[PDB]
Amino acid sequence: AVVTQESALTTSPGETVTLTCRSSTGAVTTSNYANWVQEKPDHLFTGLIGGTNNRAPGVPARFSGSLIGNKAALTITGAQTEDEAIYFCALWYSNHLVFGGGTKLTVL
Amino acid sequence: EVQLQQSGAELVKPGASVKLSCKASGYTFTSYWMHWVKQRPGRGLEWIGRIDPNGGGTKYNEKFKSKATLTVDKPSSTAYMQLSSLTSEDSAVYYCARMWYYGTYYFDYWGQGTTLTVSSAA
């Protein structure tokens, strides 16, 4: 299985932007337990959401996860300047975890 | 208060082995799994596997079956990953990242990463 994300997306401060996660095997299901992880400059990683829509404690409420159509999605509602970073999704396939290529989010 | 502190940079010869550490603190070590992830430029992130510090049960990426060995030491709240038969393909930054799995799943805290360079002794 191969996981695909948008290479790069551009948004503006305060706007709503949606990042997606694609599974090459078919539609993303709740059994894929989609995760979303954020990478900030200087190799600073933070987990945001797991199990599709479960936010880790302490993560800003503006980050939400869901399944939209055949993919898993990360919605950033009211993008902040500090949200500019690389976002990785990872899907579970019944024994192993596979990361997407990551999405570079630019916030104008 | 939660911290995942990984060992310092490593420089090793091709064909050798190396053991990386991830010292956990600020929480119940045995309550969260610990994943290991590999980062190489232009290659995003690559899952190595995870270990359940409660019993030391592991689940690996089949690609890393014969490469990585995950262990933990409960008393020192430290998770380890050994990488063997090193080649230039193993040169990367490695991270440990904890995961909650009781009722739901999610990553949260990640280590700062440890850089490994597989280099021939001139």
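Readers should treat all values here as calculations from the given coordinates under stated rules, not as data from a laboratory. Virtual Cβ from ideal backbone geometry, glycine too; neighbours counted across all protein chains shown.
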Completion exercise
Filtering region B:32-68 for residues that are closer than 18 Å to B:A79 by Cα and touching a residue at least 40 places away in the same chain (Cβ under 8 Å) leaves a count of 9
Completion exercise
B:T69: passes all of (1) under 13 Å from the mean Cα position of the chain (by Cα); (2) over 20 Å from B:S7 (Cβ atoms); (3) of a type outside the set (A, V, I, L, M) but (2)
Handout entry: Number of the exception - B:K65 against (1) closer than 21 Å to B:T30 by Cα; (2) within 14 Å of another protein chain (Cβ to nearest Cβ); (3) of a type outside the set (G, A, S)
Key = (1)
Exercise for the section: Among residues belonging to region B:92-122 that are more than 14 Å from chain A (Cβ to nearest Cβ) and surrounded by fewer than 19 Cβ atoms within 10 Å (Cβ to Cβ), point out the one that is farthest from A:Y33 (Cα to Cα). Expected result: B:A122
Fill in the blank from the handout: Of (1) under 12 Å from the mean Cα position of the chain (by Cα); (2) assigned to a loop (DSSP other than H, G, I, E, B), B:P14 fails just (1)
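For region A:47-68, check the following and say yes or no: at least one residue is among the hydroxyl-bearing types (S, T, Y) and touching a residue at least 40 places away in the same chain (Cβ under 8 Å).
The initial filter retains those residues of region A:47-68 that are among the hydroxyl-bearing types (S, T, Y), namely A:52, A:64, A:66.
Filter once more, so that each one left must be touching a residue at least 40 places away in the same chain (Cβ under 8 Å): none.
No, because not a single residue in region A:47-68 is among the hydroxyl-bearing types (S, T, Y) and touching a residue at least 40 places away in the same chain (Cβ under 8 Å).
With the requirement that a residue be more than 11 Å from chain A (Cβ to nearest Cβ) and in a strand (DSSP E or B), what does region B:51-62 give you?
B:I51, B:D52, B:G57, B:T58, listed by residue number.
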Completion exercise
Filtering strands (runs of 3 or more DSSP E) wholly in region A:1-103 for at least 1 residues that are under 9 Å from the mean Cα position of the chain (by Cα), closer than 24 Å to B:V2 by Cα and facing chain B (nearest Cβ under 9 Å) gives A:35-40, A:44-50, A:85-92
